[PDB]
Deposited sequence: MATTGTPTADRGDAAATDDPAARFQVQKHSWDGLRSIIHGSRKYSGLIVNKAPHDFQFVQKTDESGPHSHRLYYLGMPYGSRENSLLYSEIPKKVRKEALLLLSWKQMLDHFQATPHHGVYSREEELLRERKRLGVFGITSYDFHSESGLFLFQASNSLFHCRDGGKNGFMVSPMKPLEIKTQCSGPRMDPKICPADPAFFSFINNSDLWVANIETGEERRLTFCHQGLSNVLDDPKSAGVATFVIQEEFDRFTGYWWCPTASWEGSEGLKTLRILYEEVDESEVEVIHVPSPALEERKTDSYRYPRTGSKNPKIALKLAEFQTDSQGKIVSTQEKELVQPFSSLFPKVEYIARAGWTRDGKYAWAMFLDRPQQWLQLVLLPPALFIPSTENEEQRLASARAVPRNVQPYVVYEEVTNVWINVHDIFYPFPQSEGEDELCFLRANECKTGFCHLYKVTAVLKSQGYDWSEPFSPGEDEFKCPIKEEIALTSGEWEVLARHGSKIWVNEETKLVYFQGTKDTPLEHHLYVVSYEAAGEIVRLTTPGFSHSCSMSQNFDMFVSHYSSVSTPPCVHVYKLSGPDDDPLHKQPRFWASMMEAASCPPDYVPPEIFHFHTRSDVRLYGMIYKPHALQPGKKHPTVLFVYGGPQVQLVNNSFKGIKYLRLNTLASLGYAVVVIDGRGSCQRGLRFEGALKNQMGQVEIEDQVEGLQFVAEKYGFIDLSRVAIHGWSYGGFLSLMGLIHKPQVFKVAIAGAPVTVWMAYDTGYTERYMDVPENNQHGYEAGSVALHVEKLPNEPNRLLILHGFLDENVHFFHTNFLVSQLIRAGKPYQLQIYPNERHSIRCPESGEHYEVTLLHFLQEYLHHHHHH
């Protein structure tokens, strides 16, 4: 009747102006806290950070003062580090390597997106333009009051120098990756030295060193393949643990180059579900320097026995690094089903020089002490899957050798991620490293002396995707981030790692916080917001008696950032299996109760993402507000398989992706229809990108009477065509889950898609190297065979995401027109 609200129909030009009007920069992040060391001065700290003032991301600093009036709020000035410097390459065009890493990192912003910092010398090291640059501030060099030009580091290399890092033991040196091999150089003398020789004169050249391969980067959130030893030994020797990789047996596929006029593709090693991942191993590279800084010698070392024989079950190296004294290297290992993890200590003496000579090799093997061996200090096991959590803090071995104390984030134990203090017993069995042997199961398993829960409950410690802990050893406290208060807000917490009792929250409720702690534990920064309020960045001092450190009171010190949008509203309901799901609704603008409005169910719905939480959405999800301003109801549901709710909630997806997610979405939709008076269930569109697109198609397949149209972007339509890392973890290998692979692949159910045109819009970025355009291509193929209608939009200069603003606007205008006309 007249109850049905009708969206105003605009011309295309009209829609373009509306979208253009709606859209007519990244808050400080990546901080370094530095104490001044000057009682006379008016500043206690200098805070260094990356940020973008109201053009490009750049290195910046603020001065933290010694006293504030406290009658008024103090706003800190963003001072430029560099004087009129452009870090973005000309026309924002990066090399294939640098552009692919921005993709893997989901980096949109231009300029300096990472940097290294050496505290003692005040040395900053970073990629800029298509080269390497550096500058010095603080420490022995002293604190500038105005910007200084960064100095380009000269190289006789060709191609980009990737993943640069300062030597922690000696800031005269630094490392980088050039043409799939490891290099080192001395900033002070300009001397360059290559340490690995896996690359030659690229189906022909399949070996690399120091490099994280595609799946490692896309599916394991590791972007480096090497790790500086934190100390030197005495000439003086320096060390680098590194992953050596061989992709020969890995499948090659071709994706189109951004240079469209060239009409060429790029080749990738793409391990599709069910076939070979690269062959990998951990190696060690040494090099000696004299007192003048000259690189005297270098050496390539390998495990005394093959890595494949020592660790037969290991499929991926998730993480690596060293103990703080440089005693032991360490590596986090994973099996192919991703159900068994191992933290392993590799003592350096375990590694011997590589040589072609079998005699020399046996001499080096005989020489290795019998008491040197791998130590498997930890092992996590599960029936679902092992999420890679990044927390692992080895304490120095003060209580002598033969034991190792560390903190560890474990989720498999109780089903949620919590902190544990662990003491593993290192007891050398004694080995004949000269004779080869095949180690069995639990061959290097350390007995666990003790294992204490530091945190517990129906909630999780944040330990993935940049989340970290801060451990103060004087006070025996561990600072961390979590959902203890609620799954919709991230908060900062402190708890004793000595006496695991009271967890104390340091962040204010109502808001979700992104925090950085000073290494001196005297102050932290919180970048936070709510659904109703734009984000701010405040500086908090921890004040109180030094005899009660757990109860330091965080006191607001200063602010670094502050602030036709209508915020959405968070709600919750329970499913017909009594599971609590959260949701979000954008109500139509100028709502008139009694009207039923057309509705857009905006969806993602896969693992590792939570859309519904209490933080500001107006930046990333402006289009959803735009839809609301035209008078659409917009509904977002976080169904089972979504994250921040523990393994068992996420685990509802196991081996049946596509099957569980829509029900929760349909439940949520029906709930919203009762609660809020304003949903017309006769006019409901489903729409998402990536996992969201896959689900938009499943929604139309399985629930055609509920969803009138689907707008599906960048979808995965054939699970056999997706990679190993992601697919096998949640769906098993295809040989072991034909039912799920088939039931979850939308391209194989195309008969179930509609006979009515205008109900399915497909969208996909032609350059997509993650969800290959093949997915859309194969779906149309099958749509054609089944005699089904479709509409299609291509983004020819876009990969998985749309990043060019004009393409984005076109995307939003198209979406508005499709809905206007056909919903």
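The deposited chain is incompletely modelled, with C-alpha atoms absent over 1-19, 44-49, 80-81, 229-231, 265-269, 599-603, 864-869.
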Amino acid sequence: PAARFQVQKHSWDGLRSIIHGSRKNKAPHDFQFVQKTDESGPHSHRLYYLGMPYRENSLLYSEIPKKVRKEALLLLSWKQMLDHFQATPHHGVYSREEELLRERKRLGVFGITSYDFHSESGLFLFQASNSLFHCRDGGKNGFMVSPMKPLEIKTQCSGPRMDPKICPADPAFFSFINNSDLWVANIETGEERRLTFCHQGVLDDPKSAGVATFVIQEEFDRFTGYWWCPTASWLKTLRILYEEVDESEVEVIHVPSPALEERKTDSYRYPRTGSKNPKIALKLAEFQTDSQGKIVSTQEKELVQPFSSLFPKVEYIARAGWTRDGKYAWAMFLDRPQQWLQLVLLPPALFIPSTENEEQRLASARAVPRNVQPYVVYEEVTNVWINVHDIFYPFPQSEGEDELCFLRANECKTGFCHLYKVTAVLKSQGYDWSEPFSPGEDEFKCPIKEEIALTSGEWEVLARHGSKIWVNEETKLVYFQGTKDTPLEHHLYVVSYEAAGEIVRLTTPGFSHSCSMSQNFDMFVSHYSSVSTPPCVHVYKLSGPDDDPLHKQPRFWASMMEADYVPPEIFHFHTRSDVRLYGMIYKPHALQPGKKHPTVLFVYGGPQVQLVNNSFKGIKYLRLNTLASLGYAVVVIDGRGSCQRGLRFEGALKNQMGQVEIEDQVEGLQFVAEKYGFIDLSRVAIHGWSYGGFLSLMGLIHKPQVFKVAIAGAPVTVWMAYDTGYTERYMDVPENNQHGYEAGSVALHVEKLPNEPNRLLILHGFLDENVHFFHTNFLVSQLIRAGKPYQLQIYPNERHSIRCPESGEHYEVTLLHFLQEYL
From here on, numbers count along this sequence of modelled residues.
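C-alpha atoms forming the largest set that superposes within 1.5 Å between two forms make up the rigid core.
The stretch that strays farther, by root mean square C-alpha distance over structures and residues in 4 other deposited structures of this protein after a rigid core fit, is 353-361, when 353-361 is set against 281-289.
Modelled in this chain, residue 140 is nonetheless absent from a third or more of the other compared entries whose models extend past it on both sides. Compared with other entries of the same protein, residue 72 falls in the group left without coordinates by at least a third of them, where both flanks are modelled. Between 747-755 and 688-696, it is 747-755 that carries the larger average Cα temperature factor according to the deposited entry. Two stretches are in play, 275-283 and 290-298, and the higher mean C-alpha B-factor belongs to 290-298. Highest C-alpha temperature factor among 164, 598, 400, 487 per the entry: 400.
Highest CA B-factor among the listed residues (451, 315, 221, 578): 578.
In the PDB entry, residue 338 places in the lowest third of its chain by CA B-factor. In the PDB entry, a CA B factor belonging to the middle third of its chain's modelled residues is recorded for residue 823. When the CA B factors of the chain's modelled residues are split into thirds, the value for residue 90 lands in the highest one. Sort the modelled residues of the chain by CA B factor and residue 607 lands in the lowest third.
The PDB entry assigns residue 726 a C-alpha temperature factor belonging to the lowest third of its chain's modelled residues.
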